[PDB]
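Notes to accompany the following structure.
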Ligand SMILES: O=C1N(Cc2ccc(CO)cc2)[C@H](Cc2ccccc2)[C@H](O)[C@@H](O)[C@@H](Cc2ccccc2)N1Cc1ccc(CO)cc1
């Protein structure tokens with residue numbers, strides 16, 4: 001998908017048989033995702049960005065469908081108020097930041 | 001520039017005659033930036049992202065250079081641990097997320 005910039009590149013991603021609005025964030029390095037029900041192996045950790053640091057669950061190997069395009073990746077599930085398709089997923093769909 | 005080196009698209013940016021590392025944050029909507037010196041003509045705003053809410057200074061019309069590309073935009077100055085380049089600047093360099 002080609003996303004210009006006059007709007008947000010949000011996409012109903014499908015992770016853990018679930019569906020939520022995602023926020024393509026080339027700023028983050030992985031795919032964080034508000035807490036939710038996600039079965040699979042995960043590692044507990046804490047990301048520190050703006051405002052403070054939260055807790056997450058590095059879920060490596062999760063099929064996240066972005067815009068209808070299959071894309072597995074590591075989804076860090078934590079108490080984040082949003083979804084973040086970071087580099088770990090911008091490399092699965094083969095994104096290119098051209099300007 | 002077309003950047004497909006599946007890596008952090010960072011760029012030495014020049015803001016207020018200064019220089020810091022910028023993290024192309026297509027996830028954010030504007031160009032936040034750690035504390036620094038800007039031209040009187042800003043407005044206080046609070047961003048609430050991961051971990052908590054921080055306070056910045058929405059500076060408008062700041063010649064922020066990205067990778068040597070003269071660009072002006074809204075640079076928020078606050079206690080952020082990074083130079084965030086949100087869409088507000090991804091619209092100046094005509095960025096496009098093709099995947
Ligand atoms: O905390 C944010 N992280 C933190 C973060 C850390 C680690 C990961 C996983 O690797 C993902 C995100 C990033 C910006 C950042 C990176 C590094 C250091 C400091 C900041 C992100 O790249 C940005 O997109 C939003 C994500 C977001 C947006 C809305 C709601 C929740 C989360 N934020 C917060 C943010 C909010 C507003 C603006 C201005 O509009 C900018 C940033």
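Residue numbers (the deposited numbering), protein chains in the order written: chain B, 1 to 99; chain A, 1 to 99.
Even for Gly, the Cβ is constructed at its ideal location relative to N, Cα and C.
CB contact below 8 Å: residue i versus chain B
i	result
residue 57 of chain A	no
residue 96 of chain A	yes
Cβ neighbours of residue i in the same chain (closer than 8 Å, five flanking residues each side left out)
i	result
residue 63 of chain B	14, 15, 70, 71, 72
residue 20 of chain B	12, 13, 33, 34, 36, 83
residue 53 of chain B	46, 47
Other residues of its chain near residue i: CB distance less than 7 Å, five sequence neighbours each side excluded
i	result
residue 58 of chain B	42, 43, 45, 74, 76
residue 67 of chain A	1, 11
residue 87 of chain A	26, 29
residue 92 of chain B	71, 72, 73
residue 81 of chain B	34
Any C-beta of chain A under 8 Å from that of residue i
i	result
residue 1 of chain B	yes
Close Cβ partners of residue i (< 6 Å) along its chain, the five nearest in sequence each way excluded
i	result
residue 55 of chain B	46, 78
residue 60 of chain A	74
residue 24 of chain A	9, 85
Contact test: residue i Cβ vs ligand 3 heavy atom, cutoff 7 Å
i	result
residue 81 of chain A	No copy of ligand 3 occurs in the structure displayed; its ligands are ligand 1 alone.
Looking at C-beta atoms only, is the number of pairs between the stretch 62-75 of chain B and the stretch 41-49 of chain A that lie closer than 8 Å three or more?
no
Which residues, in order along the stretch 9-41 of chain B, keep a beta-carbon less than 8 Å from a beta-carbon of chain A?
9, 23, 24, 25, 26, 27, 28, 29, 32
What are the residues of the stretch 48-77 of chain A that lie near chain B, defined by any Cβ-Cβ distance shorter than 7 Å?
48, 49, 50, 51, 52, 53, 54
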